[PDB]
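K.L.:
Supplied structure: structure30.pdb, PDB, C-alpha atoms.
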MODEL        1
ATOM      1  CA  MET A   1      58.841  -4.664 -64.569  1.00  0.00           C
ATOM      2  CA  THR A   2      60.318  -8.175 -64.883  1.00  0.00           C
ATOM      3  CA  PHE A   3      62.803  -7.920 -61.990  1.00  0.00           C
ATOM      4  CA  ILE A   4      62.690 -11.146 -59.941  1.00  0.00           C
ATOM      5  CA  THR A   5      64.134 -14.686 -59.989  1.00  0.00           C
ATOM      6  CA  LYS A   6      62.362 -17.167 -62.291  1.00  0.00           C
ATOM      7  CA  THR A   7      58.811 -18.230 -61.357  1.00  0.00           C
ATOM      8  CA  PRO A   8      56.205 -15.495 -60.775  1.00  0.00           C
ATOM      9  CA  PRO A   9      54.631 -14.607 -57.422  1.00  0.00           C
ATOM     10  CA  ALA A  10      51.418 -16.281 -56.186  1.00  0.00           C
ATOM     11  CA  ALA A  11      49.220 -13.180 -55.724  1.00  0.00           C
ATOM     12  CA  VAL A  12      49.990 -12.132 -59.322  1.00  0.00           C
ATOM     13  CA  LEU A  13      49.390 -15.714 -60.520  1.00  0.00           C
ATOM     14  CA  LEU A  14      45.862 -16.022 -59.088  1.00  0.00           C
ATOM     15  CA  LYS A  15      45.373 -12.652 -60.826  1.00  0.00           C
ATOM     16  CA  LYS A  16      46.154 -14.036 -64.303  1.00  0.00           C
ATOM     17  CA  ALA A  17      43.762 -16.883 -63.422  1.00  0.00           C
ATOM     18  CA  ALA A  18      40.701 -14.615 -63.729  1.00  0.00           C
ATOM     19  CA  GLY A  19      41.704 -14.439 -67.416  1.00  0.00           C
ATOM     20  CA  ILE A  20      43.071 -10.870 -67.439  1.00  0.00           C
ATOM     21  CA  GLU A  21      45.002 -11.872 -70.571  1.00  0.00           C
ATOM     22  CA  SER A  22      42.104 -13.229 -72.657  1.00  0.00           C
ATOM     23  CA  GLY A  23      39.809 -12.078 -75.489  1.00  0.00           C
ATOM     24  CA  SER A  24      36.377 -12.496 -73.858  1.00  0.00           C
ATOM     25  CA  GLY A  25      35.092  -9.022 -74.784  1.00  0.00           C
ATOM     26  CA  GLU A  26      32.354  -7.645 -72.507  1.00  0.00           C
ATOM     27  CA  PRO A  27      33.519  -6.320 -69.127  1.00  0.00           C
ATOM     28  CA  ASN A  28      33.359  -9.145 -66.560  1.00  0.00           C
ATOM     29  CA  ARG A  29      33.888  -6.807 -63.583  1.00  0.00           C
ATOM     30  CA  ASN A  30      31.106  -4.868 -61.821  1.00  0.00           C
ATOM     31  CA  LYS A  31      29.200  -6.685 -59.055  1.00  0.00           C
ATOM     32  CA  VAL A  32      30.422  -9.395 -56.657  1.00  0.00           C
ATOM     33  CA  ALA A  33      31.794 -12.011 -59.085  1.00  0.00           C
ATOM     34  CA  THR A  34      33.138 -15.477 -58.195  1.00  0.00           C
ATOM     35  CA  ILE A  35      35.491 -18.040 -59.777  1.00  0.00           C
ATOM     36  CA  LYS A  36      35.540 -21.864 -59.661  1.00  0.00           C
ATOM     37  CA  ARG A  37      37.455 -24.048 -57.181  1.00  0.00           C
ATOM     38  CA  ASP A  38      39.169 -26.044 -59.952  1.00  0.00           C
ATOM     39  CA  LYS A  39      41.599 -23.117 -60.215  1.00  0.00           C
ATOM     40  CA  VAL A  40      42.577 -23.512 -56.545  1.00  0.00           C
ATOM     41  CA  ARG A  41      43.502 -27.110 -57.449  1.00  0.00           C
ATOM     42  CA  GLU A  42      45.588 -26.277 -60.542  1.00  0.00           C
ATOM     43  CA  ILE A  43      47.669 -23.500 -58.935  1.00  0.00           C
ATOM     44  CA  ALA A  44      48.003 -25.422 -55.645  1.00  0.00           C
ATOM     45  CA  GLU A  45      49.209 -28.358 -57.778  1.00  0.00           C
ATOM     46  CA  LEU A  46      52.075 -26.410 -59.385  1.00  0.00           C
ATOM     47  CA  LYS A  47      52.914 -24.729 -56.058  1.00  0.00           C
ATOM     48  CA  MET A  48      51.799 -27.526 -53.703  1.00  0.00           C
ATOM     49  CA  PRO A  49      55.440 -27.956 -52.659  1.00  0.00           C
ATOM     50  CA  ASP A  50      56.322 -24.637 -50.984  1.00  0.00           C
ATOM     51  CA  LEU A  51      54.753 -24.296 -47.513  1.00  0.00           C
ATOM     52  CA  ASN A  52      55.058 -27.941 -46.403  1.00  0.00           C
ATOM     53  CA  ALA A  53      51.347 -28.514 -47.119  1.00  0.00           C
ATOM     54  CA  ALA A  54      49.644 -31.696 -45.862  1.00  0.00           C
ATOM     55  CA  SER A  55      48.392 -33.016 -49.223  1.00  0.00           C
ATOM     56  CA  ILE A  56      45.744 -30.675 -50.665  1.00  0.00           C
ATOM     57  CA  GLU A  57      43.547 -29.428 -47.814  1.00  0.00           C
ATOM     58  CA  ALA A  58      46.112 -27.073 -46.243  1.00  0.00           C
ATOM     59  CA  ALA A  59      47.180 -25.923 -49.731  1.00  0.00           C
ATOM     60  CA  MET A  60      43.485 -25.383 -50.552  1.00  0.00           C
ATOM     61  CA  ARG A  61      43.019 -23.008 -47.593  1.00  0.00           C
ATOM     62  CA  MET A  62      46.017 -20.914 -48.695  1.00  0.00           C
ATOM     63  CA  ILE A  63      44.988 -20.209 -52.311  1.00  0.00           C
ATOM     64  CA  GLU A  64      41.469 -19.400 -51.083  1.00  0.00           C
ATOM     65  CA  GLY A  65      42.653 -16.723 -48.657  1.00  0.00           C
ATOM     66  CA  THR A  66      44.405 -15.369 -51.779  1.00  0.00           C
ATOM     67  CA  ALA A  67      41.441 -15.147 -54.191  1.00  0.00           C
ATOM     68  CA  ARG A  68      39.090 -14.352 -51.286  1.00  0.00           C
ATOM     69  CA  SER A  69      40.871 -11.361 -49.707  1.00  0.00           C
ATOM     70  CA  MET A  70      42.145 -10.023 -53.051  1.00  0.00           C
ATOM     71  CA  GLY A  71      38.861  -9.122 -54.787  1.00  0.00           C
ATOM     72  CA  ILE A  72      36.443 -11.711 -56.220  1.00  0.00           C
ATOM     73  CA  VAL A  73      35.362 -14.631 -54.007  1.00  0.00           C
ATOM     74  CA  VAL A  74      36.008 -18.364 -54.484  1.00  0.00           C
ATOM     75  CA  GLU A  75      33.460 -21.157 -53.932  1.00  0.00           C
ATOM     76  CA  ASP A  76      35.255 -24.157 -52.390  1.00  0.00           C
TER
ENDMDL
END
What does the file become when written as structure tokens?

P.N.:
Amino acid sequence: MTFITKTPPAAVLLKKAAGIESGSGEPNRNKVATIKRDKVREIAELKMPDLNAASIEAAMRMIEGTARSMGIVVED
């Protein structure tokens, strides 16, 4: 599966953000769930430099369209 230059893709990244690789236990997937906005700040901070963002707003609208059209929703 690992067949790409260093650094993972964004879509997949936001995916590991939900905590797919964590203990937790009970199933946290059933109804419309939602994550926090802090995540949109962390990821956008490590990838801020990529689409000539403005400072944080433009980069904040990109990550959202990612965790908003993928599955769960994000509350900015």

K.L.:
Which neighbours of residue 63 (chain A) fall inside 9 Å, counting all atoms listed in the file, when residues of the same chain fewer than 3 positions from it are skipped, and could you give them as JSON, numbers by chain?

P.N.:
{"A": [10, 11, 14, 40, 41, 43, 44, 59, 60, 66, 67, 68]}

K.L.:
Determine the nearest neighbour of residue 73 (chain A) from the options A:38, A:32, A:58, A:45, counting only C-alpha atoms.

P.N.:
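Going through A:38, A:32, A:58, A:45 one by one, the smallest distance to residue 73 (chain A) is for A:32.
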
K.L.:
What is the CA of residue 24 (chain A) to CA of residue 62 (chain A) distance in Å?

P.N.:
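Going from CA of residue 24 (chain A) over to CA of residue 62 (chain A) covers 28.2 Å.
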
K.L.:
Find the residues near residue 35 (chain A): any atom within 8 Å, counting all atoms listed in the file, skip ones fewer than 4 places away on the same chain, and give them as a ChimeraX atom specification.

P.N.:
/A:18,39,72-75

K.L.:
Work out how far apart CA of residue 29 (chain A) and CA of residue 13 (chain A) are and give it in Å to one decimal.

P.N.:
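Computing the Euclidean distance for CA of residue 29 (chain A) and CA of residue 13 (chain A) yields 18.1 Å.
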
K.L.:
To one decimal place in Å, what is the distance between CA of residue 33 (chain A) and CA of residue 71 (chain A)?

P.N.:
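Separating CA of residue 33 (chain A) from CA of residue 71 (chain A) is a distance of 8.8 Å.
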
K.L.:
Provide region 37-67 of chain A of the preceding structure as a file containing N, CA and C atoms, as a PDB file, in the first residue's frame.

P.N.:
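Listing of decode32.pdb after writing:
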ATOM      1  N   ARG A  37     -12.949  21.856  15.915  1.00  0.00           N
ATOM      2  CA  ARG A  37     -12.260  22.698  14.906  1.00  0.00           C
ATOM      3  C   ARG A  37     -10.756  22.714  15.187  1.00  0.00           C
ATOM      4  N   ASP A  38     -10.364  22.481  16.411  1.00  0.00           N
ATOM      5  CA  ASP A  38      -8.917  22.486  16.743  1.00  0.00           C
ATOM      6  C   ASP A  38      -8.160  21.626  15.730  1.00  0.00           C
ATOM      7  N   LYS A  39      -8.737  20.531  15.319  1.00  0.00           N
ATOM      8  CA  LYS A  39      -8.058  19.654  14.336  1.00  0.00           C
ATOM      9  C   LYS A  39      -7.788  20.442  13.053  1.00  0.00           C
ATOM     10  N   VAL A  40      -8.760  21.172  12.583  1.00  0.00           N
ATOM     11  CA  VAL A  40      -8.567  21.961  11.335  1.00  0.00           C
ATOM     12  C   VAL A  40      -7.396  22.931  11.513  1.00  0.00           C
ATOM     13  N   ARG A  41      -7.077  23.279  12.729  1.00  0.00           N
ATOM     14  CA  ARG A  41      -5.944  24.220  12.957  1.00  0.00           C
ATOM     15  C   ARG A  41      -4.625  23.442  12.960  1.00  0.00           C
ATOM     16  N   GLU A  42      -4.605  22.299  13.587  1.00  0.00           N
ATOM     17  CA  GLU A  42      -3.353  21.491  13.634  1.00  0.00           C
ATOM     18  C   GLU A  42      -2.950  21.071  12.217  1.00  0.00           C
ATOM     19  N   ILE A  43      -3.801  20.356  11.537  1.00  0.00           N
ATOM     20  CA  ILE A  43      -3.466  19.905  10.156  1.00  0.00           C
ATOM     21  C   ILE A  43      -3.131  21.115   9.279  1.00  0.00           C
ATOM     22  N   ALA A  44      -3.978  22.107   9.269  1.00  0.00           N
ATOM     23  CA  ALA A  44      -3.708  23.308   8.427  1.00  0.00           C
ATOM     24  C   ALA A  44      -2.380  23.948   8.841  1.00  0.00           C
ATOM     25  N   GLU A  45      -1.926  23.686  10.035  1.00  0.00           N
ATOM     26  CA  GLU A  45      -0.640  24.288  10.488  1.00  0.00           C
ATOM     27  C   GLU A  45       0.533  23.514   9.882  1.00  0.00           C
ATOM     28  N   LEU A  46       0.413  22.219   9.778  1.00  0.00           N
ATOM     29  CA  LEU A  46       1.523  21.414   9.201  1.00  0.00           C
ATOM     30  C   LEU A  46       1.439  21.443   7.674  1.00  0.00           C
ATOM     31  N   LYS A  47       0.308  21.817   7.139  1.00  0.00           N
ATOM     32  CA  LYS A  47       0.167  21.867   5.657  1.00  0.00           C
ATOM     33  C   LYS A  47      -0.205  23.287   5.227  1.00  0.00           C
ATOM     34  N   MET A  48      -0.162  24.224   6.136  1.00  0.00           N
ATOM     35  CA  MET A  48      -0.513  25.626   5.776  1.00  0.00           C
ATOM     36  C   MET A  48       0.150  26.005   4.448  1.00  0.00           C
ATOM     37  N   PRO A  49       1.437  25.779   4.364  1.00  0.00           N
ATOM     38  CA  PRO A  49       2.216  26.097   3.156  1.00  0.00           C
ATOM     39  C   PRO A  49       2.003  25.025   2.085  1.00  0.00           C
ATOM     40  N   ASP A  50       1.125  25.274   1.152  1.00  0.00           N
ATOM     41  CA  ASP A  50       0.872  24.271   0.080  1.00  0.00           C
ATOM     42  C   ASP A  50      -0.004  24.894  -1.009  1.00  0.00           C
ATOM     43  N   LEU A  51      -1.052  25.574  -0.629  1.00  0.00           N
ATOM     44  CA  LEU A  51      -1.941  26.202  -1.647  1.00  0.00           C
ATOM     45  C   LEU A  51      -1.892  27.725  -1.502  1.00  0.00           C
ATOM     46  N   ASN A  52      -0.733  28.265  -1.239  1.00  0.00           N
ATOM     47  CA  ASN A  52      -0.610  29.742  -1.089  1.00  0.00           C
ATOM     48  C   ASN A  52      -1.792  30.279  -0.280  1.00  0.00           C
ATOM     49  N   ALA A  53      -1.973  29.794   0.918  1.00  0.00           N
ATOM     50  CA  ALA A  53      -3.106  30.278   1.756  1.00  0.00           C
ATOM     51  C   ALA A  53      -2.874  31.743   2.130  1.00  0.00           C
ATOM     52  N   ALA A  54      -3.834  32.365   2.757  1.00  0.00           N
ATOM     53  CA  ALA A  54      -3.664  33.792   3.150  1.00  0.00           C
ATOM     54  C   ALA A  54      -2.972  33.862   4.512  1.00  0.00           C
ATOM     55  N   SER A  55      -3.413  33.069   5.450  1.00  0.00           N
ATOM     56  CA  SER A  55      -2.783  33.084   6.801  1.00  0.00           C
ATOM     57  C   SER A  55      -3.396  31.973   7.656  1.00  0.00           C
ATOM     58  N   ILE A  56      -4.681  31.773   7.549  1.00  0.00           N
ATOM     59  CA  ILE A  56      -5.344  30.711   8.348  1.00  0.00           C
ATOM     60  C   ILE A  56      -6.800  30.590   7.889  1.00  0.00           C
ATOM     61  N   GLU A  57      -7.393  31.679   7.487  1.00  0.00           N
ATOM     62  CA  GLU A  57      -8.799  31.638   7.039  1.00  0.00           C
ATOM     63  C   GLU A  57      -8.924  30.762   5.791  1.00  0.00           C
ATOM     64  N   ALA A  58      -8.243  31.117   4.738  1.00  0.00           N
ATOM     65  CA  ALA A  58      -8.326  30.307   3.489  1.00  0.00           C
ATOM     66  C   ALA A  58      -7.971  28.849   3.795  1.00  0.00           C
ATOM     67  N   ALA A  59      -6.936  28.628   4.558  1.00  0.00           N
ATOM     68  CA  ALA A  59      -6.539  27.229   4.889  1.00  0.00           C
ATOM     69  C   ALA A  59      -7.616  26.581   5.765  1.00  0.00           C
ATOM     70  N   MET A  60      -8.380  27.373   6.464  1.00  0.00           N
ATOM     71  CA  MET A  60      -9.446  26.805   7.336  1.00  0.00           C
ATOM     72  C   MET A  60     -10.639  26.371   6.482  1.00  0.00           C
ATOM     73  N   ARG A  61     -10.858  27.028   5.376  1.00  0.00           N
ATOM     74  CA  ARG A  61     -12.008  26.657   4.502  1.00  0.00           C
ATOM     75  C   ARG A  61     -11.660  25.403   3.697  1.00  0.00           C
ATOM     76  N   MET A  62     -10.399  25.137   3.503  1.00  0.00           N
ATOM     77  CA  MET A  62     -10.001  23.939   2.719  1.00  0.00           C
ATOM     78  C   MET A  62     -10.175  22.677   3.571  1.00  0.00           C
ATOM     79  N   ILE A  63      -9.554  22.630   4.718  1.00  0.00           N
ATOM     80  CA  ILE A  63      -9.685  21.421   5.582  1.00  0.00           C
ATOM     81  C   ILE A  63     -11.159  21.147   5.869  1.00  0.00           C
ATOM     82  N   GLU A  64     -11.944  22.167   6.065  1.00  0.00           N
ATOM     83  CA  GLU A  64     -13.383  21.938   6.358  1.00  0.00           C
ATOM     84  C   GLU A  64     -14.027  21.198   5.195  1.00  0.00           C
ATOM     85  N   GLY A  65     -13.918  21.721   4.009  1.00  0.00           N
ATOM     86  CA  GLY A  65     -14.513  21.023   2.845  1.00  0.00           C
ATOM     87  C   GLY A  65     -14.008  19.579   2.816  1.00  0.00           C
ATOM     88  N   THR A  66     -12.940  19.292   3.519  1.00  0.00           N
ATOM     89  CA  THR A  66     -12.402  17.901   3.514  1.00  0.00           C
ATOM     90  C   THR A  66     -13.137  17.044   4.551  1.00  0.00           C
ATOM     91  N   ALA A  67     -13.248  17.518   5.762  1.00  0.00           N
ATOM     92  CA  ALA A  67     -13.943  16.720   6.813  1.00  0.00           C
ATOM     93  C   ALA A  67     -15.448  16.990   6.768  1.00  0.00           C
TER      94      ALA A  67
END
